[PDB]
Amino acid sequence: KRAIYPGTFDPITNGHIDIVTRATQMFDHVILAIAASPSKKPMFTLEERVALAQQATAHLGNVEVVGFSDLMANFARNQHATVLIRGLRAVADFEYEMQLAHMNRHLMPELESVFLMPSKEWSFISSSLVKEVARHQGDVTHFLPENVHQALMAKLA
Amino acid sequence: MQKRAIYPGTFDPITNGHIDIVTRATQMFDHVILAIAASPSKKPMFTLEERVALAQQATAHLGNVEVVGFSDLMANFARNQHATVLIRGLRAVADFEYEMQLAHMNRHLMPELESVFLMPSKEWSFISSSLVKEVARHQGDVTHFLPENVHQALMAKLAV
Amino acid sequence: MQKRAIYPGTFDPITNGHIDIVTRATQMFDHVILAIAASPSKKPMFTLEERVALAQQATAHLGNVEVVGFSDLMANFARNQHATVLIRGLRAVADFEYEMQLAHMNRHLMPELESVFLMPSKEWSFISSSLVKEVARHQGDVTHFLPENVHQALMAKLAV
Amino acid sequence: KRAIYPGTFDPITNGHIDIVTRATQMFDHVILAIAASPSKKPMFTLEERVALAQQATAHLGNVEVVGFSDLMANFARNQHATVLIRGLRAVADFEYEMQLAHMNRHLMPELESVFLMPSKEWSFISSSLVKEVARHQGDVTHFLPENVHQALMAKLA
Amino acid sequence: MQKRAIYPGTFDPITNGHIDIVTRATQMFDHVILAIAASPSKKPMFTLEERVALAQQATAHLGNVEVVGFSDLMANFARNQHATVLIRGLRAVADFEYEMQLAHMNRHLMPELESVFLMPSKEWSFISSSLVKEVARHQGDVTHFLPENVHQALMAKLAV
Amino acid sequence: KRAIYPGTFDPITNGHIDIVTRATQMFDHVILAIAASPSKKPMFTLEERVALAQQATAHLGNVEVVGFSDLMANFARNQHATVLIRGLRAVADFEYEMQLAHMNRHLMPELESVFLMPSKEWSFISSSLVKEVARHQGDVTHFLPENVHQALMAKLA
């Protein structure tokens, strides 16, 4: 059973670590898939985001970190994945996830969208919120893996 | 991994929305327990025996579904059944809010039970057993939203 | 086009929020049926006869409003009345969710009945008949939210 | 009875066709009004969006497609429209529509905002979602009128 | 400014979520009235005397909290108590919608009473007295969500 | 008791005047704090926004208008404020406010986030909505203090 956990992960947070960890306890192999997403002008390049997520998930033996520029549904089919993992946060996210899931069901009917709920600890966090706090020199050590926190400080320095 | 998943609810009666969710669950987990609550807060339209018999007949074509009644705390029953995945459907915002509140409570009760939310077909996202019962009680056509055996049982129930 | 619109509900009692919606509906459709549900799920504070009489007096200044009681499925009554437009007010998110679920059900029941959502004045967006009744029962001033005849009937009802 | 159905329609989808069709069954004349909206940098020019919507609604005899750069409420008054049609989709849209409706009621009290619900078939779709799928080469033929699907493929080619 | 704030509710029973909110309120206002509704719509699990005694013992460490029962309209009681601040907790969207509707009503009833919304710790955002009671009734562990005296009273109540 | 009311206030509206007035009836001293926010490309410079808010709140004796580029929580600590005022509007805002409040509680546990509800009169308005109406020449005199309405007309002229 293969699952894909896609997103921009700019950068990967403890919220994302929590969701991917939960996914590895349910599925034999989890592909953490990072969207190149040039249109959103990410803070970190695709190569940097992949390296950070690789280092942050190295302790999980059944996680594979990959980058993609393809249509989500085509990438999932090409990874032989039948499960798509997304974390639920707020109503805006939930409504957007429902749009993506109905669209993905039209593109790949056998790809099942599965929603996980992160720990209360990471419910309110996002990569954007952590970057905004960090841009104004606020302490974000609690919200990120060690390697990511160092890379974020270095990027803003 | 040989995963055991639980899909709990009152299923009063089981609808095509429930069939959709349980079918999706059987496609990703080895064994699915469709768990029927014995004693809901409000008296159900269908007795537990009727709910269990309707759900069994409506899921008989799914080889890895087991329909079982339960009266314990859902998490206590899931633990006893060795289920490590809890399945719930999410139709709209109202569901999202309530299901998130239940998921945090269940994680406190049974941390090893993972809550997994699936989304039903657009065809069933606006239906619930309550809405179907209300429409049928008030003389509206609900045939499209139910398995045939449930449509037959509901007509018989409303006729008396 | 000579459109017939239906504005259904329990109207227990009719409030200034309902007056606002029905007034807007009369400005866009030739004939509006303000349809009162005979037998709601919970016993209403006002009997059907009181609800109909209050609604008639409160809308008497609107020439193209007809107040009528109904006990059938709302869509069955709309079809029988030759109404092709169903009017509902949308106050907040809770309304939006429930009304969308009802609209999909009604489209299945009567595809030729179009659901049209109107938004009340900011003055009435936070009120409901239930909230007005709860405030008045607990000795709060609700005069501003009701037509004069309803204010009189509610005071008489609570006095006994 | 004249109704106006405004929006950016960049490009017009089957969701928009469904709403305008429902509007023509209720009102004698429907103006489908396209906002020039240069600030949002549309994919299609105003002239292209008007031509696409004209072709896609040609089978509906009581639809008139026009472009506008004016304040919505002023344009509606100048079209002798007393009804404003909007389709409801998600909570974010509904909350935004409520803000526009209260603002429009202050600018033109006699302009009644009317909300329609699209078919379940088009509930999750938007022009942005269709463009995003198409930008990554996903099949969007189901979601658009034929002429629009050809114009979108051509624009991205 | 010597502000008097009111924190009203049914508190059936008082939870750690309520303790969190009242503690935050005591940190910003000179005096806080934790106001307990005498006669809720549905019969409470705990009598008013039990709710008041539990709330008093659970807030005894807060020097500027006064626990009082009330049966009037909340705004009428707040006016009589010279409270100018009304405290309510906001956990999620469902709360936000209902609390906004209540706040507009209270502003109409008592314009000089300002509604102030506080947000509880992440630890209690998914809990309510109703959810705690439902979990405990169905044999689930709720010790973490309650003050010790409430945990003791709830176990005694469910045992009989 | 000192409270801080932060935001971008680009420009300050009657919705903001209503919230700050309510705040001054509850707290001895209210700091209305304007975020420099260059990343959002505000219509008005920080100096213009501060001058407008100063003039619009001059009739309230216990309001101090200041600009800031710092992390919110650090600015509040440095102002000796223990209360943070935010107005509630829509679900999107409420969900975003909950994220900020949990983040601020991690950065400054003693800073209590307090939410006020504006008058029904200003519930649907925002600085963005007023600017959008004004950009298309719609009458926004009802929604802004006199000095702000003049400055907005002048800026767009």
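A, B, C, D, E and F are the chain letters, set down in written order, and residue numbers restart from 1 in every chain.
Methods note: a contact is a pair of C-beta atoms (placed from the backbone, for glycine too) under 8 Å apart; a residue touches a chain by one contact, two chains touch by 3 or more.
Number of steps on the shortest path from chain D to chain E, with steps defined by chain touch: 2.
In this assembly, the C-alpha centroid of chain A lies 30 Å from the C-alpha centroid of chain B.
In whole angstrom, the spacing between the mean C-alpha positions of chain B and chain F is 47.
Counting only residues that touch two or more partner chains, chain F has 91-92, 95, 98, 102, 120, 123-124. If you draw each protein chain as a dot and join the dots that touch, the picture is not a line, a loop, a star, or fully joined; it has some other shape. Against chain E, the residues of chain C that register as touching in their complex are 92-94, 126-128, 131, 135, 138-141, 144. Of all residues in chain B, only 72-76, 93, 97, 100-101, 104-105, 108-109 touch chain E in the complex they form.
Residues 1, 3, 24, 27-28, 84-85, 90, 93, 96, 100, 103-104, 107, 114-119, 122 of chain C are the ones that touch chain D when the two sit in their complex. Of all residues in chain C, only 93, 122-123, 125-126 touch chain F in the complex they form.
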